[PDB]
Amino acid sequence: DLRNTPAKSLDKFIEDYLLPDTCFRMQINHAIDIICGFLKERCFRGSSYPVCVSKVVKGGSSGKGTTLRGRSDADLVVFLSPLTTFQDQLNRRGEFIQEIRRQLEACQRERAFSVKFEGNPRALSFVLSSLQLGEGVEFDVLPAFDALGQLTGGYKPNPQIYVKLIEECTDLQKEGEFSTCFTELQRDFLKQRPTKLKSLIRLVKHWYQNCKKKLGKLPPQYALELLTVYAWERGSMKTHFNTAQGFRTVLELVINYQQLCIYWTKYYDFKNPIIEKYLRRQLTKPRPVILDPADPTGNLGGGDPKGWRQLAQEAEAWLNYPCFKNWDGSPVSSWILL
């Protein structure tokens, strides 16, 4: 029980309940190998029109290394050559959702594996079960347009790519509805972080699931991850820190949701006039404001004022729980941010 776990033993809680088991990371690497192989080697050979898979991006928990044991998805982004514009991705993702299912079910007719389902939807979702899986791994398969292309790190994406995105997102009314194209940037924001930050994120995520079971409608889990990176960057910066403090710090950010204005300039900045103007309007929006580091149009925590109202009421309640109290019963401190 996270609620009754002493603050001192939070790292032990993460170690044997949250950190991936070797069995788990073996279960996942295999399940991915099956589908990556499937997508590349059979799914689109039989071409009424040449469909080429340029990439299959491992994203979400798996890509970042923020997986909860036995509870994390496998999120695979499929970059297709026929998808050439963002609107192409919007207009044609559904065709490809339906085709991939059709191929998977054909591969289920052959006894290669089993699969359980489940423009309009964003992803194909299913539980894959092979011989060496059985209990099955859950999947989200995301067809997407390669807006970034192949790229060497240590360099920002071309700002023109973001000019296109912003113009396209506002010509239409779907801001942040193309975050998928920038999954590699979403990933590399967390993937290279110090180890214990990912651990802390795992802890925050499990706490979040325990609120989802209780409250139902809630802000995206990604928002809470970004809050944790924010809490870490502003209140610590050490590879070695106090988990109970960081956990309390994130909870208080959630409480301070009516004041949050958070953004990073890792993949975009204000040098380009069109981006500069858009970003500045974004920081103006009602609180909280949590910009996706990979997508300036992606405002997390922008959807539900009620969702944060409830999440803050649970976080407030949690501050009295044994996990924020030391041996002597004194409260754990929270970091003072920047």
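All residue numbers are counted from 1 along the displayed sequence.
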note = As the entry stands, the deposited residues without coordinates between residue 135 and residue 136 add up to none
ask   = Do the CA atoms of 289 to 297 or those of 303 to 311 have the higher mean B-factor in the entry?
value = 303 to 311
request  = Mind pulling up the entry and telling me whether 244 to 252 or 103 to 111 has the higher mean Cα temperature factor?
outcome  = 103 to 111
request  = Among 238, 205, 266, 214, single out the one with the highest C-alpha B factor in the record, please.
outcome  = 214
note = From the entry's CA B-factor values, the highest among 192, 152, 228, 180 is 152
remark   = Temperature factor at the Cα of residue 16, chain-ranked in thirds, falls in the middle
remark   = By the entry's values, the third containing the CA B factor of residue 45 is the highest
task = Tell me, lowest, middle or highest third: where does the Cα B factor of residue 86 rank within its chain?
result = highest
request  = Within this chain's modelled residues, let me know which third the CA B factor of residue 9 belongs to: lowest, middle or highest.
outcome  = middle
query = In terms of the chain's CA B-factor thirds, is residue 32 lowest, middle or highest?
reply = lowest
